[PDB]
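This report refers to the structure that appears directly beneath it.
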Amino acid sequence: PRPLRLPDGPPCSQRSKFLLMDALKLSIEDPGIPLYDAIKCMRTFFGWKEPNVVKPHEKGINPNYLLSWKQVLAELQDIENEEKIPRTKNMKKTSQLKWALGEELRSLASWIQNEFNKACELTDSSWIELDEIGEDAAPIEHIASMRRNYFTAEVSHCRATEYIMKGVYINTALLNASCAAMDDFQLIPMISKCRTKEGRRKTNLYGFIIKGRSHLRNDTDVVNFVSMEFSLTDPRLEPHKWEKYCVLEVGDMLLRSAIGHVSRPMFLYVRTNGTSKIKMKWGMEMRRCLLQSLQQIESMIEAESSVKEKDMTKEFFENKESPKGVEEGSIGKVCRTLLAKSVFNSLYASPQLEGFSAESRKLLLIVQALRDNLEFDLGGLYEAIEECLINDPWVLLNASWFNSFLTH
Ligand SMILES: OCc1cccc(Cl)c1Cl
Numbered sequence: 265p266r267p268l269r270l271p272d273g274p275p276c277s278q279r280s281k282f283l284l285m286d287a288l289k290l291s292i293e294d295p301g302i303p304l305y306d307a308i309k310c311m312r313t314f315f316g317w318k319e320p321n322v323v324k325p326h327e328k329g330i331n332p333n334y335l336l337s338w339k340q341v342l343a344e345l346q347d348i349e350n351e352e353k354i355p356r357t358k359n360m361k362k363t364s365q366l367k368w369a370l371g372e399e400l401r402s403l404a405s406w407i408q409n410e411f412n413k414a415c416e417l418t419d420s421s422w423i424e425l426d427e428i429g430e431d432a433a434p435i436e437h438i439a440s441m442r443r444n445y446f447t448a449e450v451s452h453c454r455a456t457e458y459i460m461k462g463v464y465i466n467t468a469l470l471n472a473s474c475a476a477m478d479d480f481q482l483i484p485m486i487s488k489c490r491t492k493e494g495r496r497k498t499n500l501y502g503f504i505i506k507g508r509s510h511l512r513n514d515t516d517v518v519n520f521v522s523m524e525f526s527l528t529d530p531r532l533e534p535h536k537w538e539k540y541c542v543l544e545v546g547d548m549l550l551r552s553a554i555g556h557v558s559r560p561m562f563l564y565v566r567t568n569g570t571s572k573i574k575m576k577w578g579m580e581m582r583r584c585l586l587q588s589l590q591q592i593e594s595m596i597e598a599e600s601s602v603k604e605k606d607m608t609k610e611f612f613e614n615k623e624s625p626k627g628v629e630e631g632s633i634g635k636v637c638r639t640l641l642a643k644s645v646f647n648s649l650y651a652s653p654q655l656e657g658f659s660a661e662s663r664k665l666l667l668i669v670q671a672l673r674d675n676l677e681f682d683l684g685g686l687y688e689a690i691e692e693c694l695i696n697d698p699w700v701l702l703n704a705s706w707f708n709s710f711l712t713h
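In the entry's author numbering, the protein residues as written are 265 to 295, 301 to 372, 399 to 615, 623 to 677, 681 to 713.
Put into structure tokens, the structure is as follows:
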């Protein structure tokens, strides 16, 4: 039993629907209309400057990406002058937008492991309410509630939880617009809401998307969109990550940092993309990632409870023939690690991931049984696994992880 052969080639590139570790938020402290919130977030920033391309899209029409962003600013400037901010803004159907809206092996790069690491971290803000998890009709039993409270306290601030609510919000807004403005190039703010450690509600703007025409007769029909996302990441440090994007420099931002106050350039990551009804419906269900990882944690708690003939919830979560430690260093880190895996499975869903998960599972049980009991042939299963290792960053990372497991 050898390691999986990972593919040779240029490094894999980002393919998520929105930025993850590289996102940047413009934020207001709240006292519910997306466009109004977006404009108020825009107003908090004074470092805008004339935009230019700093990392061109190698296959796209870069002037059109630039034109599209300048059109967003100009049309928000229009809204500023009208007396009442409208509920929604439909973009002029300009040549640049008509183009942008449509009217090979890759090797493992280090950035996806870094994304996963960032997804497991805690943030300074809470992204869910105390009763966010579950959809029970009846009141829950005392133990079930205890497990939920413990788990929630461990993941409410997790970056992966921000990715969930960000994903829920933008898929809801796009699925709604695809239906409520079928023929419009509607401008759609990318928003999230969170609560600071001190209890203050804040509203965040990540950027914008503009949807194309969306006559979605069935679940697989595709609506195209153009995404425009703030970032402080200079794309020239890892240009292979940004193969699908045109990247603009659009401002300069004053920051507090470990070296004192600094001025940093602000970037806008622009790409054309698409999604479908069925993917948007799954996007709206990403809170189930919280439920799934809770259930893995509970699994787990039961195993310990069955052996000790006593419920082990408190002992498990408070870390009080029994386990002497936690490999990740804390129970919190186990919860956030399981959540991040579930969230990345959703952010990077693919058929290659489905086959890899099902096929690598069979090889794992086989290798375990062999390791356990030693001091019909595997070639067919290895080809089944390795046929999924093409170019997808998340699948390749999981293959790399799988190979460490084979080694030890
Ligand atoms: O307030 C939104 C907006 C529209 C047009 C130009 C600029 Cl610089 C801004 Cl902040």
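Note that beta-carbon positions come from the ideal geometry of N, C-alpha and C, so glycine has one too.
Test item: CB-CB of residue i and residue j under 7 Å
i           : j      : result
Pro265      : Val669 : yes
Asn331      : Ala369 : no
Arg442      : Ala414 : no
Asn466      : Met579 : yes
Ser487      : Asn471 : no
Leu482      : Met360 : yes
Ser402      : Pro271 : yes
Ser522      : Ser473 : no
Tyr564      : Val545 : no
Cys637      : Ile690 : no
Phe520      : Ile504 : yes
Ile459      : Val645 : yes
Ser291      : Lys497 : yes
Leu400      : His452 : no
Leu288      : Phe658 : no
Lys539      : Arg566 : yes
residue 296 : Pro303 : Between 295 and 301 in the chain the model has nothing, and residue 296 is one of the residues in that span.
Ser662      : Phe707 : yes
Whole-angstrom distance between residue j and residue i, CA atom to CA atom
i           : j      : result
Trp406      : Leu425 : 33 Å
residue 619 : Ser705 : No coordinates exist for residue 619 in the structure shown, because the numbering of the chain passes directly from 615 to 623.
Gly502      : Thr528 : 14 Å
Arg490      : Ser280 : 26 Å
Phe611      : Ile435 : 20 Å
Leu686      : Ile428 : 38 Å
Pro530      : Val322 : 11 Å
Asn412      : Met285 : 9 Å
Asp478      : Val518 : 11 Å
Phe710      : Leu532 : 31 Å
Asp294      : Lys339 : 28 Å
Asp431      : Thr447 : 16 Å
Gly631      : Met595 : 17 Å
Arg551      : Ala307 : 24 Å
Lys362      : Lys506 : 11 Å
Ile348      : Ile354 : 6 Å
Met607      : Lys664 : 31 Å
residue 299 : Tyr464 : One cannot assign coordinates to residue 299, given that the chain in this structure leaps from 295 to 301.
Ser440      : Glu613 : 15 Å
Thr456      : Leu676 : 42 Å
Outcome for residue i when other beta-carbon atoms lying within 10 angstroms are tallied against a minimum of 16
i      : result
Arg356 : exposed
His437 : exposed
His326 : buried
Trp317 : exposed
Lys626 : exposed
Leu366 : buried
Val700 : buried
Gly371 : exposed
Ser364 : exposed
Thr515 : exposed
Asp682 : exposed
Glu410 : buried
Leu702 : buried
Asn350 : exposed
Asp674 : exposed
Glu319 : exposed
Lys603 : exposed
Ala404 : buried
According to DSSP, residues forming a beta bridge with residue i
i      : result
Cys541 : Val565
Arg496 : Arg490
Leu290 : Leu500
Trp317 : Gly546
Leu482 : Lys358 and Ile505
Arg512 : None, per the DSSP bridge assignment.
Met523 : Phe503 and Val565
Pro275 : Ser402
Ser601 : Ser601 is not bridged to any residue.
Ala553 : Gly555
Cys453 : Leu417
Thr570 : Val518
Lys367 : Note: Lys367 sits in no beta bridge, so no partner.
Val322 : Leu543
Any 3 or more C-beta pairs closer than 8 Å across the region 552-562 and the region 273-282: Judged by pairs of C-beta atoms under 8 Å, the region 552-562 does not touch the region 273-282, as fewer than three such pairs exist.
Inter-stretch contact at 8 Å, needing at least 3 Cβ pairs: the region 634-642 / the region 585-592: Counting C-beta pairs with one atom in each stretch, the region 634-642 and the region 585-592 have three or more that are closer than 8 Å, which means they touch.
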